[PDB]
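Notes to accompany the following structure.
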Amino acid sequence: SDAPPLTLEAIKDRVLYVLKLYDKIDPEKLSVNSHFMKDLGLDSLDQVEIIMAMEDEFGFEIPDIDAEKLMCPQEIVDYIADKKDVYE
Amino acid sequence: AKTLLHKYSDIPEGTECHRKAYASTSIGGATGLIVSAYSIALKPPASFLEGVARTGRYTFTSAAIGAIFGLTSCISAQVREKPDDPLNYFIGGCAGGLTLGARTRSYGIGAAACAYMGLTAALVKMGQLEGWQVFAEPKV
Amino acid sequence: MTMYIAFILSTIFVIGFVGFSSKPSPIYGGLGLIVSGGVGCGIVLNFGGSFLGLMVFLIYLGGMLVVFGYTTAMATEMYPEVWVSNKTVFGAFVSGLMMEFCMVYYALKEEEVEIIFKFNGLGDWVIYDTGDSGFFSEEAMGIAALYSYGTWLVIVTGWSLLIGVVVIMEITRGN
Amino acid sequence: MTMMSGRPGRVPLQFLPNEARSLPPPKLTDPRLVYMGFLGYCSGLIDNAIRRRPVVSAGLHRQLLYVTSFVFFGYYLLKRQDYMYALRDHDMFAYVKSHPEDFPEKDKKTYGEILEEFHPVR
Amino acid sequence: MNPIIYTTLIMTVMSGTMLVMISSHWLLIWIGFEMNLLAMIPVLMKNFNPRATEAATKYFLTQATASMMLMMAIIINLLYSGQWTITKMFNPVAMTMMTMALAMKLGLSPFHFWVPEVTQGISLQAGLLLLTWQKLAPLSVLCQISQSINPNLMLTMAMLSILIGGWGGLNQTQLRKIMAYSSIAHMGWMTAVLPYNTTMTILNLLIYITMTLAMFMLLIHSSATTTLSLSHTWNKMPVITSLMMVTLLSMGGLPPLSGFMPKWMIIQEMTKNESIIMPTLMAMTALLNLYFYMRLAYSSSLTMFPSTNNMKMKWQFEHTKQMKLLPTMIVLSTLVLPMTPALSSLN
Amino acid sequence: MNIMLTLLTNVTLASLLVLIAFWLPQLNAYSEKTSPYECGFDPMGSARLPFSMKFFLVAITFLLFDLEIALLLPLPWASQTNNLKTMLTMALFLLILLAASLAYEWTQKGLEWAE
Amino acid sequence: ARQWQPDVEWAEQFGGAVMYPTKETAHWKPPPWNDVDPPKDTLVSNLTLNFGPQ
Amino acid sequence: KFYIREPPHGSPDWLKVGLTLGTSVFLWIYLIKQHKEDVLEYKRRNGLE
Amino acid sequence: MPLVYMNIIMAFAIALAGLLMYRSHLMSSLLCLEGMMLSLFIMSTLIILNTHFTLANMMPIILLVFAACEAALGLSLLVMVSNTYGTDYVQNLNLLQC
Ligand SMILES: CCCCCCCCCCCCCCCCCC(=O)OC[C@H](COP(=O)([O-])OCC(O)COP(=O)([O-])OC[C@@H](COC(=O)CCCCCCCCCCCCCCCCC)OC(=O)CCCCCCCCCCCCCCCCC)OC(=O)CCCCCCCCCCCCCCCCC
Ligand SMILES: CCCCCCCCCCCCCCCCCC(=O)OC[C@H](COP(=O)([O-])OCC(O)COP(=O)([O-])OC[C@@H](COC(=O)CCCCCCCCCCCCCCCCC)OC(=O)CCCCCCCCCCCCCCCCC)OC(=O)CCCCCCCCCCCCCCCCC
Ligand SMILES: CCCCCCCCCCCCCCCCC[C@@H](O)O[C@H](CO[C@H](O)CCCCCCCCCCCCCCC)COP(=O)(O)OCC[N+](C)(C)C
Ligand SMILES: CCCCCCCCCCCCCCCCC[C@@H](O)O[C@H](CO[C@H](O)CCCCCCCCCCCCCCC)COP(=O)(O)OCC[N+](C)(C)C
Ligand SMILES: CCCCCCCCCCCC(=O)SCCNC(=O)CCNC(=O)[C@H](O)C(C)(C)COP(=O)(O)O
């Protein structure tokens, strides 16, 4: 059979695993609702790198638009849920 | 091949239960090995370890069925002092069916197998007694 | 046992078969088939079949050349495999070699039956004819009898070759 | 196994040997020939039905050809079948005659001398 | 493809089959098989549609492996006796090799895997050819060497074919795969009686061929390759669906239809050889074939499925090219049982 | 036996020449020296990438034409038979069929390379 | 007052690839309406060669 | 009438009809003669007449 | 039977096992087919030469001819499959199921 019924908790766990795999972020610090700029002191290019890492993790193209807004892990989870059509 | 069949058949029915059970175990193990080979060929196990596990599981299940069938059938033919009776085979068949259910862990499978294997075992005994031919040599 | 020439040639034949049956890159499979073809030509020559051996070697060399050309185009595989570049190919090659050695050992010192019959060895020189006559070659005469005895064979073979040309051109058309 | 392919004196593709002329030909009112003609008529009706033509009355020449072809083939088929059965009987009788020890004539007892078990129904 | 090239390729296929059936030399039989395969490969690819390429590749690989095994069996037989005539195959190992090679050529279980795939991959006309004309040569060879066939191996393969055809047909919604599994089961029925009586084998082959021709021509007339496409035919040609239902009943072996004649004639023969369990198993196993014929009869003729609006357009047009032998095929495949004794003309 | 000796001698001489070629001179092999040659600049792709054959149909036809010469080669011996008329008829038939196959491939553009 | 006949819900059972869908087999898709699959536009790479300067 | 002339119409193809009827009649005559000769030959062989 | 005969028979068996066990390339399987044909040629030639069956000397040559027709056939198919997938891998031949 094909891929299992991925859930929102799976999306959140994968997103946080990817983010904790970034060198410029201390792992224990970041939360789900932590802004990339204000809380973590990242600039736009680091956000671009994080978005590319998300694209590698979940395997679908996120355009330049609809990526300028995914600014904490939480909106990233929302974007992936909307694109993959998951609700529970 | 046919050597295993003659090895089982040469031992008189209600005698030397250990040797009869050993022969039936060998026949069951051979059948399980054939089934494992075909299942591995047509349904790849995606790894060597999982393939070995599947082959061992199938072979052990079939060998256990054969051993239990042979032991119970010989012991029944011995304690009842009535060889050449399909009842012993039916009882042996039921034991194998029960074992199959135990191995697959299902009552439904176990109950169905006990009835079906037992009937088949009894029919094989009847064919042995009356000389029924499965593969009949041409004569006319 | 005398000079072991025929046995050595047959063993190299089997080794080449194992080499191309392990299925490395088709370049090396073609090499193994070429070695087998030359060795089989030698085997046939050792029995008086000069024309047949040379004929099959010449046919195979031409065939292999086409295969090499086709391999460079359709079976290229950026890292081509040699017999020691992969565990599966090396395992198949070693299994073939070991089975050949085991069969030879079982049939050489003892007289064991594998599938059909058994063998004691004795060298293949034993079963020769002793025939002492002729100002011609029996093999050449038999092959040349194709144009006088084998009219039906010539007819069916020619029709098959013409149909083969038509068939390949139909298959490769596409559209 | 094939039982009469290798019968001695058999011509490969004859379909009707000369000796078959010794047999009475099937009558033209043979019920098997009538069934052959009926099969031809049914074929004609089905031909009318598939072609979307009036089934009973569309083509009388075509239906006539169907019936005639079926009867014509069936006549020779019946002749060959009768010949083959006659051959089987001829060979069987000859073999029985030539092997008397294998088919021994047995003197038959009467039911007054044979003892059959009686099984009451109760 | 050019019509002349198509005609010459068809002639080459029939010529290979004829060369197999008229030869007394093993080499000429092998040559006939080679010629048949060579001319058959492009017939399967007449319409390119890459599934046909896959079907042709699978068919070529299977048939070429079988041809290699056949040549090895011939050479072993020659080695153990310097004989080239087709006879009782003096060596038993060669006999086993030839039995397996001919089973692979025919598609008997467990060499049956290629038949559903090849039949689904090719067009309906190619499937008709593959399931009717391709069976003659291996069966003709088997009839000549029947006195030396090991009954155990052949009967095992026949029972496997009947069982596997019956089981495989149950899960199919595609008509061509249904035809392929029917073909496998009928092949098993054909080869079950071969060691006992070759006339029964020929009779079964003829009845199966006429029924298969009827079914394939009916599926060509109404251009349906699936169950749901065939469920639209009642709203365009009810007569075609009715005749299809009758033919499907005949193929299930129901009396008094024609398809009952072979099975009835085989069981009886097998009983004269003291074979009782085997015919009983085969007869009860044929009920699977009957079931998945009856399901198609339900879908196509005995009930009316919903249709589409555009079908109204099709009401205004007639079938242009007509198959002349279809009415005779239907009649022969249904109403023939009373003429059963005519089978004596086959020996 | 003499041909085997000749083959062994030739192969031994060639192998000895290779051995002297590889063991007599002074070797200074570094990565730049052993790099592949493509006229001074580095290759873009691999040399193990597929390379299209534009004469593939001619290549396939070559197999059948090569077996035809194997069929035709026993003609010098065939010309010694008493049934000269039959042998000549069959030889001419074989050559005519070969010529007809060549003509068929030629007319249907089978000898033109793919573009 | 009307004889029951199959509807869309009844007919859809025969529209899949197999009669009895299975966890693994449910991902099988029915063949195209004509037996023509979408052309696999495989990128056949061209060989890139340096001609010169040497 | 019809839009397309429908070339197969009120005038049937008389060549085809004549050929069909001629084939049927020839077959019937041949069968009658064959049965007559078969009966005569059978009676000749068996010494009946 | 001498050792040469069983060596040729073993070569045939090895080539058959090689054909029946696919790895990825169709060309490798076609090479196994050619190898089986070659083993058949050698075996038949040895039998015919040993027994001095003079006419049968034309038989192996004929066996070669229909070998080429099988190779040229197979290669042809290998082209078409390649043109569909850019690769001769046998895993791509899975549009039709059982
Ligand atoms: C027109 C004609 C009319 C005829 C047609 C209609 C009549 C025939 C059809 C009706 C009968 C057929 C049913 C047969 C069994 C089917 C079981 C089944 O479907 O499994 C799926 C079903 C699904 O299970 P699952 O979902 O996989 O697992 C969750 C469990 O459900 C939940 O797990 P659980 O914890 O709740 O329960 C599991 C466990 C816990 O059990 C319980 O919770 C409650 C206790 C249940 C069993 C208690 C039996 C012991 C006492 C009964 C003694 C005999 C009756 C009184 C006789 C008086 C004599 C004057 O059960 C056991 O451990 C029992 C294991 C074996 C003990 C019983 C076997 C005794 C053999 C009899 C020998 C007779 C020799 C001849 C004697 C001659 C003199 C009369 O399994 C069950 O739930 C049923 C298990 C109990 C089966 C035994 C009950 C049947 C007793 C008579 C059998 C004989 C009839 C067949 C004859 C041919 C066979 C050789
Ligand atoms: C035990 C006793 C019982 C024995 C039982 C025997 C077996 C029973 C039957 C077996 C199963 C039958 C299966 C039939 C396969 C049909 C396949 C097919 O053609 O397509 C299906 C076809 C397709 O339908 P469609 O979709 O409407 O057509 C669209 C087109 O296909 C669209 O394609 P197109 O646009 O390209 O159209 C071209 C079209 C139009 O055609 C044309 O335009 C004609 C133009 C002429 C071209 C010039 C060519 C000349 C140059 C070539 C030379 C080649 C030489 C080869 C020899 C080499 C020698 C080594 O041509 C065709 O469609 C096919 C042409 C067929 C030619 C047949 C020639 C027979 C060859 C015989 C060879 C044997 C020689 C002796 C051997 C000696 C040994 C070596 O459907 C049917 O044909 C309906 C089925 C009819 C089958 C016959 C029914 C049973 C037979 C009853 C007759 C009596 C038999 C007993 C007689 C006993 C002796 C008197
Ligand atoms: C569905 C019913 C079957 C339909 C079959 C097609 C119907 C059309 C008829 C076919 C015409 C061809 C036969 C007539 C031409 C002459 C035949 C002759 O040249 O050949 C003879 C052969 O004649 C044929 O065998 C007889 C053909 C008769 C076919 C009808 C039998 C059908 C079975 C009974 C079912 C009832 C159906 C009746 C029609 C409705 C030579 O015999 P022989 O070479 O030595 O044996 C070959 C087989 N051996 C060697 C292995 C033994
Ligand atoms: C024309 C065709 C026919 C010719 C017939 C003659 C065939 C000649 C064989 C072909 C080889 C020619 C090579 C000539 C130079 C010798 C190279 C090598 O053998 O010498 C050194 C061999 O010495 C090794 O370093 C190890 C020496 C000892 C260890 C193993 C040898 C053990 C033998 C025991 C010796 C003790 C005394 C024996 C007295 C008999 C390896 O040095 P190396 O730098 O790599 O190679 C480059 C050579 N350079 C420097 C000249 C450019
Ligand atoms: C293997 C090694 C190869 C090396 C190759 C090097 C390739 C060189 C490519 C050079 C291309 C350019 O400079 S592109 C020119 C880039 N210059 C600007 O954008 C001017 C305005 N700067 C800003 O807006 C921010 O400081 C910004 C830094 C963008 C952060 O953006 P965010 O606020 O949104 O995070």
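For the structure tokens, the naming scheme is as follows: chains receive sequential letters (A, B, ...) according to their order of presentation, residues are indexed from 1 within each chain, and ligands are indexed from 1 in presentation order.
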
Practice task
Among the residues of chain G, find those DSSP assigns to helix (DSSP H, G or I) from the backbone and print them as a ChimeraX atom specification.
Solution key: /G:8-14,25-27

What would the file look like if the residues just selected were written as a PDB file, in the first residue's frame with C-alpha atoms?
ATOM      1  CA  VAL G   8     -24.825   4.030 -10.569  1.00  0.00           C
ATOM      2  CA  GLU G   9     -23.995   2.817  -7.058  1.00  0.00           C
ATOM      3  CA  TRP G  10     -24.535  -0.765  -8.219  1.00  0.00           C
ATOM      4  CA  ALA G  11     -22.605  -0.344 -11.470  1.00  0.00           C
ATOM      5  CA  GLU G  12     -19.575   1.259  -9.800  1.00  0.00           C
ATOM      6  CA  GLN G  13     -18.653  -2.046  -8.122  1.00  0.00           C
ATOM      7  CA  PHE G  14     -17.521  -3.348 -11.534  1.00  0.00           C
ATOM      8  CA  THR G  25      -4.568  -3.799  -4.828  1.00  0.00           C
ATOM      9  CA  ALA G  26      -6.738  -0.731  -4.157  1.00  0.00           C
ATOM     10  CA  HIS G  27      -3.893   1.391  -5.569  1.00  0.00           C
TER      11      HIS G  27
END

Handout entry: Distance filter 6 Å, only C-alpha atoms, chain D against chain E, as a ChimeraX atom specification
Key = /D:1-2,43,46-47,80-81

Handout entry: Test item: residues at most 12 Å from residue 86 of chain C, only C-alpha atoms, excluding those fewer than 6 positions along its chain, as a PyMOL selection string
Key = (chain C and resi 22-25+79-80+92-93) or (chain I and resi 23)

Problem - 12 Å contacts from chain G to chain F using only C-alpha atoms, as a PyMOL selection string - result: chain G and resi 43-54

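All residues of protein, DNA or RNA that reach within 8 Å of segment 31-39 of chain G, judged by only C-alpha atoms and not counting those fewer than 6 positions away in the chain, are residues 49, 50, 51 and 121 of chain E; 17 of chain G; 84 of chain I.
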
Kindly save the residues from that selection, with N, CA and C atoms included, as a PDB file, in the first residue's frame.
ATOM      1  N   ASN E  49       0.990   1.475 -29.110  1.00  0.00           N
ATOM      2  CA  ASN E  49       0.372   1.585 -27.781  1.00  0.00           C
ATOM      3  C   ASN E  49       1.138   0.827 -26.696  1.00  0.00           C
ATOM      4  N   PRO E  50       2.211   1.413 -26.148  1.00  0.00           N
ATOM      5  CA  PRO E  50       3.308   0.643 -25.529  1.00  0.00           C
ATOM      6  C   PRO E  50       2.955  -0.580 -24.686  1.00  0.00           C
ATOM      7  N   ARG E  51       1.722  -0.702 -24.192  1.00  0.00           N
ATOM      8  CA  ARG E  51       1.327  -1.953 -23.547  1.00  0.00           C
ATOM      9  C   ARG E  51       1.500  -3.149 -24.477  1.00  0.00           C
ATOM     10  N   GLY E 121      -2.692  -7.072 -22.857  1.00  0.00           N
ATOM     11  CA  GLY E 121      -1.866  -6.092 -23.536  1.00  0.00           C
ATOM     12  C   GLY E 121      -2.117  -5.917 -25.016  1.00  0.00           C
TER      13      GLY E 121
ATOM     14  N   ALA G  17     -10.218  -1.888 -10.977  1.00  0.00           N
ATOM     15  CA  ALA G  17      -9.278  -2.750 -11.685  1.00  0.00           C
ATOM     16  C   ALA G  17      -9.515  -4.217 -11.350  1.00  0.00           C
TER      17      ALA G  17
ATOM     18  N   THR I  84      10.637   3.747 -25.010  1.00  0.00           N
ATOM     19  CA  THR I  84       9.567   4.132 -24.104  1.00  0.00           C
ATOM     20  C   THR I  84      10.094   4.662 -22.780  1.00  0.00           C
TER      21      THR I  84
END
